[PDB]
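> Please find the sequence and an experimentally derived structure below.
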Amino acid sequence: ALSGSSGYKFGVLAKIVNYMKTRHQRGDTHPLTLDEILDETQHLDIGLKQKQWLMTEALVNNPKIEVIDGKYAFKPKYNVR
């Protein structure tokens, strides 16, 4: 269980969601590649483990993340008003 702490994966994912949410809020609701997200979220160095997990777990199961032109976008509809 997460008895020790809670940051690995979770923190980065929350920052990605928050980032996309904010960038989407101001006007850039357009989709963004995985790499484009890393930079703005300060997760360029990241690591193969997280990078892969984001691609084949986080940015696919996360409801707020909408897959459009293969890239990852934020989901406004049926969630935010």
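Cool, the structure landed. Residues are numbered from 1 along each chain as shown.
> What is the burial count for the residue lying closest to residue 16 once chain neighbours are set aside?
Leaving aside its sequence neighbours, residue 16 sits nearest to residue 41 (Cβ to Cβ, 6 or more residues apart in numbering; 5.1 Å). Every C-beta, even on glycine, is put in place using the N, C-alpha and C of the backbone. Using other Cβ atoms under 10 Å, residue 41 has 19 other residues around it.
> how near is residue 14 to residue 34?
Residue 14 is 16 Å from residue 34, where distance means Cβ to Cβ, to the nearest Å.
> which one of those two has more residues nearby?
A direct count of neighbours by other Cβ under 10 Å for residue 14 and residue 34 places residue 34 higher, at 16 against 13.
> give the contact list for that one.
51, 54-55, 59, 71-72 (Cβ atoms under 8 Å, 6 or more residues apart in numbering).
> Please identify which helix or strand holds residue 66.
Assigned by DSSP states H and E, residue 66 belongs to strand 65-67.
> so what does the helix or strand just after that strand touch, helix or strand wise?
As assigned by DSSP H and E, the chain's next helix or strand after strand 65-67 is strand 72-74. Counting contacts by 3 or more Cβ pairs under 8 Å, 6 or more residues apart in numbering; DSSP states H and E, strand 72-74 packs against helix 10-26, strand 65-67.
> Residue 46 is nearest to which of those?
helix 10-26 (7.5 Å; Cβ to Cβ).
> tell me the angle of the helix or strand following that closest one relative to helix 10-26?
Sequence-wise, the next helix or strand downstream of helix 10-26 (DSSP H and E) is helix 34-41. Helix 34-41 and helix 10-26 are oriented at 90 degrees to each other (axes from the mean of the first three to the mean of the last three Cα atoms, to 10 degrees).
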